[PDB]
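Engineer: Here is the sequence, then the experimental structure:
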Amino acid sequence: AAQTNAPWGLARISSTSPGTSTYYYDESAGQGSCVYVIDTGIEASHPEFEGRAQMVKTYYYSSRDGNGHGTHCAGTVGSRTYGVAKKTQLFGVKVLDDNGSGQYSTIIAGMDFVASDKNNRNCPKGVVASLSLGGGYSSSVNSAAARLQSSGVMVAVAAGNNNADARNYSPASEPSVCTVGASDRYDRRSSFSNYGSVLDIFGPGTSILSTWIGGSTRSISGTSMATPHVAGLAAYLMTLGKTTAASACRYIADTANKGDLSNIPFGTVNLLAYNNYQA
Ligand code: NA
């Protein structure tokens, strides 16, 4: 299947060169998989989700996304027009407030919540969690991510937007999860993206068009945006039966486009997520 005039990031992940505008993917499109978006929430009613999204838990007064960040990431995972895995089921976990902020203890709890909750959902193809958040190093946060991964959920986390070594950030620095860096439409490491040996893979993260609250859309940038392309990709691949939760991160690195990125510091992988789609 192909999506013509797609957002640049979707085209990039199904291509072997930058500057294309078509997103080629298998029609299964993630059907049967589930992706947890652990963020500000998701505006489930957005037409773009076509009834495939729902809030399952909030750590605040409302289960809603008063910010839009969560909605945006969610859309990159699996919205109709803007998503990687167009037929995936989405679940929202609101650990972030409407200002886009949250305490570690609540983030931890949201993670522990997903590892249990998945037990009562029908996700035949596998389960993915996308965490577009992070702060200063915390072995507790790290350990929460490791548990989530250990439970059988494919965990993808943002590397952080400090133009610094991700080893100093959490959950970015947790080795057992998939740490995602950002790139731009010219195949350059995004100027804000973190780097370092802890990174696993890069994805499109500068100028990413996606859903927004109020039934709108907008373009924003960050490792937050790249994260969902990888989470969406993992769901897609799981559905196809190419890989599993415990082995998605490695598989994506194994089949990525290699050495194509510029501005990559020595010691950081030069790998760009790629779906290897072939008609
Ligand atoms: Na890792």
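Structural biologist: Arrived safely, thanks for sending. Numbering: from 1, shown residues only.

Engineer: top helix in the protein by residue count?
Structural biologist: helix 223-240 (DSSP state H).

Engineer: Could I have the CA atoms of it written out in PDB?
Structural biologist: Included here for helix 223-240 are C-alpha records, laid out as PDB according to Å, rounded to 0.1, in the frame of the first residue of the first chain:
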ATOM      1  CA  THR A 223      13.100  13.400  20.200                       C
ATOM      2  CA  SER A 224       9.500  13.200  21.300                       C
ATOM      3  CA  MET A 225       8.400  13.000  17.700                       C
ATOM      4  CA  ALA A 226      11.000  10.500  16.600                       C
ATOM      5  CA  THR A 227      10.000   8.100  19.400                       C
ATOM      6  CA  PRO A 228       6.600   7.300  18.100                       C
ATOM      7  CA  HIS A 229       7.900   6.600  14.600                       C
ATOM      8  CA  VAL A 230      10.000   3.800  16.100                       C
ATOM      9  CA  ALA A 231       7.100   2.600  18.400                       C
ATOM     10  CA  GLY A 232       4.700   2.700  15.400                       C
ATOM     11  CA  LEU A 233       7.400   0.800  13.300                       C
ATOM     12  CA  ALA A 234       7.800  -1.800  16.000                       C
ATOM     13  CA  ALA A 235       4.000  -2.400  16.100                       C
ATOM     14  CA  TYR A 236       4.000  -2.700  12.400                       C
ATOM     15  CA  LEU A 237       6.800  -5.200  12.300                       C
ATOM     16  CA  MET A 238       5.300  -7.200  15.100                       C
ATOM     17  CA  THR A 239       2.000  -7.500  13.200                       C
ATOM     18  CA  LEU A 240       4.000  -8.800  10.200                       C
END
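
Engineer: Enumerate the residues of the protein near the ion.
Structural biologist: With the criterion set to CB under 5 Å from the ion, the chain comes near the ion through 175, 200. For the C-beta atoms, the positions are set from N, CA and C on the backbone; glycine is no exception.

Engineer: residue in the stretch 1-150 of the chain nearest to the ion?
Structural biologist: residue 149 (9.1 Å; CB to the ion).

Engineer: In the sheet, which residues pair with the residue lying closest to that residue once chain neighbours are set aside? Tell me.
Structural biologist: Spatial nearest neighbour of residue 149, excluding adjacent residues (CB to CB, 6 or more residues apart in numbering): residue 155 at 4.5 Å. Assessed by DSSP bridges, residue 155 has beta-bridge partners residue 129.

Engineer: so residue 155 touches residue 180, yeah?
Structural biologist: No: the criterion here is CB atoms under 8 Å, and residue 155 misses it with residue 180 at 10.6 Å.

Engineer: For residue 69, grab phi and psi.
Structural biologist: phi -50, psi -50 (degrees, to the nearest 10).

Engineer: burial count for it?
Structural biologist: Residues within reach of residue 69, counting by other CB atoms under 10 Å, total 24.

Engineer: doesn't residue 210 fall inside a strand?
Structural biologist: Yes: the assignment for residue 210 is a strand, going by DSSP: H, G, I helix; E, B strand; the rest coil.

Engineer: can you count the residues close to it?
Structural biologist: So residue 210, with other CB under 10 Å, has 25 neighbours.

Engineer: same deal with residue 158?
Structural biologist: Neighbour tally, residue 158, other CB under 10 Å: 31.

Engineer: do the same with residue 228
Structural biologist: Neighbour number of residue 228 under other CB under 10 Å is 36.

Engineer: That one contacts residue 129, correct?
Structural biologist: No: contact criterion CB under 8 Å: residue 228 and residue 129 do not qualify, at 11.0 Å.

Engineer: Pull up the overlap in contacts between these two.
Structural biologist: Applying CB atoms under 8 Å, 6 or more residues apart in numbering, one finds that residue 228 and residue 129 are jointly contacted by residue 156.

Engineer: wait, residue 159 sits on residue 193?
Structural biologist: Yes: the pair residue 159 and residue 193 passes the contact test of CB under 8 Å, sitting 6.2 Å apart.
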